[PDB]
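Undergrad: One structure, pasted below without further comment.
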Amino acid sequence: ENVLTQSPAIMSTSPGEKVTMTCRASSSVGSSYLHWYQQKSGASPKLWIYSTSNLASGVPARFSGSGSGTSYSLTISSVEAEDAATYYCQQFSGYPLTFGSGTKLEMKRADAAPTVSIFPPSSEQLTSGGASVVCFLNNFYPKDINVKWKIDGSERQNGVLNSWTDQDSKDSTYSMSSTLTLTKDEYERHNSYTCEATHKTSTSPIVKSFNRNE
Amino acid sequence: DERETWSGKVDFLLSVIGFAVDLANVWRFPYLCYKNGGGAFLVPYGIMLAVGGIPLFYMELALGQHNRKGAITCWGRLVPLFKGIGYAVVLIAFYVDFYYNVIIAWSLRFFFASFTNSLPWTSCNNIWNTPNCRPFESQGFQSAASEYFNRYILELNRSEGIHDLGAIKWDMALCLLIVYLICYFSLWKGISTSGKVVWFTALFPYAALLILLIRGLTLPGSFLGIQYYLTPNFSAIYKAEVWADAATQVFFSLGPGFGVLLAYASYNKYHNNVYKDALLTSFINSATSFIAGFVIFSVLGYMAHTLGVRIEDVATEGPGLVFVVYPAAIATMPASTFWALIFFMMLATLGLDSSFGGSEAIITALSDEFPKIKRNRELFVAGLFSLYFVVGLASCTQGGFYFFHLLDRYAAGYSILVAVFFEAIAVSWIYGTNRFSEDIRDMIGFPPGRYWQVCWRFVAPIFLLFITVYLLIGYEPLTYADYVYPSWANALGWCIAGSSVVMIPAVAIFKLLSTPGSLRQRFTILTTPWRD
Amino acid sequence: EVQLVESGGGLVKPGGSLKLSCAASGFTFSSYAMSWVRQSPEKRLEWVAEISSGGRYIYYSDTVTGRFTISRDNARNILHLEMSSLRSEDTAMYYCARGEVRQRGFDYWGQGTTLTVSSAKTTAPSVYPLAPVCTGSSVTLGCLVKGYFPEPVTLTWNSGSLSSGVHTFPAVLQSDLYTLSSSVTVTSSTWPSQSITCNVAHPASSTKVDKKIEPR
Ligand SMILES: CC(C)CCC[C@@H](C)[C@H]1CC[C@H]2[C@@H]3CC=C4C[C@@H](O)CC[C@]4(C)[C@H]3CC[C@]12C
Ligand SMILES: CNCC[C@H](Oc1ccccc1OC)c1ccccc1
Ligand SMILES: [Cl-]
Ligand code: NA
Ligand code: NA
């Protein structure tokens, strides 16, 4: 097959900025056979640019494409906030039809520190014989963040489920939940529980903790 | 089933170009402009070209590239019921080779006769002349070039008709031999060599046309001829005869549904953009005709101005124009020998690559249906051209022109019109535009517009019928000058013309009475295409 | 005017067999070539199969060929995709897509339909209410939806009355089971003076649970 590689995978962009994402093919593609699609979150892809030069209907003039052979690109003269989406290149030159790995447009914003909450296992889960300590980290930027779990001052690094949210539509921040999961016995043999988040917005890790005696 | 293919895109293009353009561009197209209102004739010609010829031209090329088989096999695979179209088409191409190539023979004969300080058709004091000879065309008289072509080259005066072919012109038989020797050694290895011979035979006419255009325009009175050529008379557009001449010219000058574009395109790559090929080649064919018009009438005006000859007597069509009228002007201008040799070599190459296509249409259509001769190409076409030559000697006799003229008015004129008519009906109604538009989309990436579909379905059959009816209305028992053909000659002509069309029901009735089931259950099997 | 709706799809064990469909309306369906394009979990696009305007031309991708079969109904305007010998790599959002013209690509896409191929067992979620560690200007409450399969789950707060300050985190598969969490943030006055309830709905297990957060 003719595999299409798109770069970058993820692109951070403030509205007003000019950006250029590229689509590179393993084999030569006819200029009239490479197309571009935009896909908003939770929606079906739309034909954006066909034959790498021609904008589909509805597509703002700010969008354009260029390229030939094995190197193509989608260029936006002036990014708007409504351009936050994933862009796929596709060749219909030869079978099998292939799409590109995709390029995701994410917006920029001032760096935000995470408001952080820690939660002890519910009494209800404790009856079941399990114990999940949950740590929330909300409305921060940029996306990448690093938690660490401590039990009685000692670091624990297993039984953890981390989950980021996608970029929020208006504020443009992110959120991440960490879930330390222990057994019933493991949870009660200790007392102090701690989760810290190292994020670039501070170089001192914010700390949230509780103990089983208050 | 993956066959040979063109050793280059240009090889195919020049093959189609070479086939499409021939003497008709030179000797019919400009005369029509002249007859039917000059530049005003371009309107019915252009419209009939847009809605009649080019759709049919495009259709056959697509059919060729898609099914990838010759005429007989392709139509059998398209519609089993109408497979006889393939046979009807092939034996038409077969009939034409019997008389068409002698035009090329006449070309070479004049080409050899032009190796002289003085061109022999200039004077009236030669051994082959009569008191009725005058230096140029005149009402009530004969011209020195007419008497040269008739009393010397053809020796036609020594024939009392088609019953009396008389002796054989061995100087003409030799030229016809040379023609087939060229045709042989261009087609015996297939398109690998034929696609290279067309680099000369299809490009030399443009080399010749260019310097005949310059020489034509530099002549005094040249602009006068262009006036006669293109002075618009839109009153012609209101005339139905003008449209019919336009429609007829467009059809026969593009040659669609003749089995040759089919054969040529059958060697194309499957995903080749045959739509661009159809438009490019169609234009070049008509553009060549337009250019050739200037080439011809620039010299025609020169004659009417500096030679004192009526325009009515020189603005003619057919072999009278390039074997008599045009060389007559050539022999009067400086460096006459140069322009003679080039002209005659133009007309020769102008027919050769057409003769290639006609023949190749046969050889390809047979190789796809019969593996026996696909394995033995050289042996087959040697027997073919030998058959051509043997009977072609009848065209080399003193009454040879009478033989040529008979076939010309019967062999392919009517037969192919109703053949292509059934072709349009077969693909647009039996095979359907739906399936054909689908085939084309798979090839070139996109389906034909609603325009082509409407034209293939409604305009094309009416277009073809508008011509068939027209050739029938203007019918007249075959004559030539004072000479009137005997009734049996006319009867034989309709047999030759009929032996083609009769293949349509003959195989239809045949394959019907070869089918299991019911009458409703014959048509479905014989209606369902090969792809199943 | 132009509308494409995919139907079928759902949970299927490996080797299983299902038939996806797409109902087209707003255009001459018999005049256009349709395609099936599937999306990875990872939100990657992969072409599956193409069928011409008359079904006389079919193309499959290498992963799909021999197992899937694309069909057409030009009478009722329906595109079909039968799947057999299903593998866990076939899990995707399957899109009804139409392009007649190679040169123009796929100008219309359907809403899609989700196919899940897994040997994982359909379990019901354990919904755990969360009250925070026994005060600031605002309070943050949570809800843990643990150990369920398959996707999706529908989580709202107080009948979905409040949508501000809520962050529901996408599910993550661990040992063939999904765990999902969510947080809500309200003014410290609002809670616990008022009731904040977690509304979790897992249709695959017919589970509807409403847990509300107690301060203690
Ligand atoms: C006689 C004067 C006035 C006009 C001369 C016309 C000449 C220059 C034109 C007419 C037909 C043309 C050719 C027909 C099409 C092709 C195929 C293309 O892939 C390469 C160019 C080539 C080979 C063209 C070269 C230029 C050409 C030869
Ligand atoms: C488009 N070009 C015109 C030549 C056209 O094709 C042929 C040329 C030579 C042999 C067979 C031909 O036809 C199959 C034609 C058609 C009818 C009568 C004479 C000539
Ligand atoms: Cl013409
Ligand atoms: Na012609
Ligand atoms: Na020719």
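Chains as they are written, first to last, in the numbering used here: chain A, 1 to 214; chain B, 1001 to 1532; chain C, 2001 to 2216.
Even for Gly, the Cβ is constructed at its ideal location relative to N, Cα and C.
(1) Mind reading off the beta-carbon distance from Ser202 (chain A) to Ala85 (chain A)? Whole number of angstroms is fine, and I expect it under 8 Å.
(2) Strictly below 7 Å CB to CB, what residues from chain B border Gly2105 (chain C)?
(3) By how many angstroms is the C-alpha of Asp1277 (chain B) removed from the C-alpha of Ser66 (chain A)?
(4) Quick one: is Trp1429 (chain B) buried, meaning 16 or more other Cβ sit within 10 Å of its Cβ, or exposed?
(5) Taking the CB atoms as reference points, tell me whether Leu1219 (chain B) and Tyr1302 (chain B) lie closer together than 7 Å.
(6) Quick one: list the residues of chain B neighbouring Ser2021 (chain C), beta-carbon separation under 7 Å, in chain order.
(7) Given a threshold of 16 other Cβ atoms within 10 Å of its Cβ, counted over all protein chains shown, does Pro1447 (chain B) qualify as buried or as exposed?
(8) Does chain A have any CB closer than 7 Å to the CB of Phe2169 (chain C)?
(9) According to DSSP, is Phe119 (chain A) part of a helix, a strand, or is it coil?
(10) Closer than 8 Å is the cut-off here; do at least three beta carbon pairs connect the stretch 1304 to 1313 of chain B with the stretch 1044 to 1052 of chain B?
(11) Starting from the C-beta of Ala1292 (chain B), find all residues in its chain whose C-beta is less than 8 Å away, skip the five residues before and the five after it, and write them out in chain order.
(12) Quick one: is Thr1433 (chain B) buried, meaning 16 or more other Cβ sit within 10 Å of its Cβ, or exposed?
(13) Determine the burial state of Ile1127 (chain B): buried for a count of at least 16 other Cβ atoms within 10 Å of its Cβ, exposed for fewer.
(14) Is any heavy atom in ligand 7 found nearer than 6 Å to the beta carbon of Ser77 (chain A)?
(15) How many whole angstroms separate the CB atoms of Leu1478 (chain B) and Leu1406 (chain B), which I take to be in contact at a CB cut-off of 8 Å?
(16) Can you name the residues of chain C whose CB is closer than 7 Å to the CB of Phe1436 (chain B)?
(17) For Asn1101 (chain B), collect the residues of the same chain with a Cβ closer than 6 Å to its Cβ; drop the 5 residues on either side in sequence, then sort them by chain order.
(18) Along the beta strand (DSSP E) that carries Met1059 (chain B), what are the first and last residues, could you check?
(19) To which residues of the same chain is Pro1505 (chain B) closer than 8 Å at the C-beta, ignoring the five residues directly before and after it?
(20) Measuring CA to CA, which of A:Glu106, A:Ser192 and A:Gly102 is closest to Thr173 (chain A)?
(21) Please report the distance separating the alpha-carbon of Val3 (chain A) from that of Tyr95 (chain A).
(22) Find the nearest neighbour of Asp83 (chain A) within the set A:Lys18, A:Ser51 and A:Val147, judged by alpha-carbon distance.
(23) Less than 7 Å between the C-beta atoms of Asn1285 (chain B) and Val1089 (chain B), yes or no?
(24) Less than 6 Å between C-beta atoms, sequence neighbours within five positions excluded: which residues of the same chain meet that for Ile1296 (chain B)?
(25) Report yes if the C-beta of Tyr1264 (chain B) is less than 6 Å from at least one heavy atom of ligand 2; otherwise report no.
(26) Can we count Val59 (chain A) as close to ligand 2, meaning its CB is less than 6 Å from some heavy atom?
(27) Nearest to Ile1226 (chain B) by CA position, among B:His1305, B:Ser1186 and B:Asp1353, is which residue?
(28) Does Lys104 (chain A) pass the burial test, meaning 16 or more other C-beta atoms within 10 Å, or should it be called exposed?
(29) Closer than 8 Å is the cut-off here; do at least three beta carbon pairs connect the stretch 1507 to 1523 of chain B with the stretch 1411 to 1424 of chain B?
(30) Please work out which residues of its chain come closer than 6 Å, Cβ to Cβ, to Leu2144 (chain C), disregarding the five sequence neighbours upstream and downstream, and give them in chain order.
(31) With a threshold of 16 other CB atoms inside 10 Å of the CB of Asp1164 (chain B), please say whether the residue is buried or exposed.
(32) Mapping DSSP to helix, strand and coil, what is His35 (chain A)?
(33) Note the first and the last residue of the continuous beta strand (DSSP E) segment covering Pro1044 (chain B).
(34) So, helix, strand or coil for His1405 (chain B), using DSSP?
(35) Determine, using beta carbons only, whether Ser2061 (chain C) comes closer than 7 Å to chain B.
(36) Beta-carbon distances below 6 Å to any heavy atom of ligand 3 define the shell here; list its residues in chain order, please.
TA: Put simply:
(1) So it is not a contact: roughly 32 Å between Cβ atoms.
(2) Neighbours of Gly2105 (chain C) on chain B: none; closest Cβ ~11 Å, over 7 Å.
(3) 27 Å
(4) exposed
(5) yes
(6) Under the 7 Å cutoff, chain B gives no residues; its nearest Cβ is about 22 Å from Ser2021 (chain C).
(7) buried
(8) yes
(9) strand
(10) no
(11) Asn1025, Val1026, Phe1029, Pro1030 and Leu1209
(12) buried
(13) exposed
(14) Among the ligands present in this structure, namely ligand 1, ligand 2, ligand 3, ligand 4 and ligand 5, ligand 7 is not found.
(15) 7 Å
(16) Ordered by position in chain C, no residue passes the 7 Å Cβ test against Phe1436 (chain B), which lies about 10 Å from the chain.
(17) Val1179 and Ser1355
(18) Per DSSP, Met1059 (chain B) belongs to no beta strand (DSSP E); it is in the alpha helix (DSSP H), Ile1054 to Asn1067.
(19) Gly1084
(20) A:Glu106
(21) 11 Å
(22) A:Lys18
(23) no
(24) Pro1030
(25) no
(26) no
(27) B:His1305
(28) buried
(29) no
(30) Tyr2128 and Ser2181
(31) exposed
(32) strand
(33) No beta strand (DSSP E) contains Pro1044 (chain B), which is instead part of the alpha helix (DSSP H) from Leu1042 to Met1048.
(34) helix
(35) no
(36) B:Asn1025, B:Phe1029, B:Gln1249, B:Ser1253, B:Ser1286 and B:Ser1289
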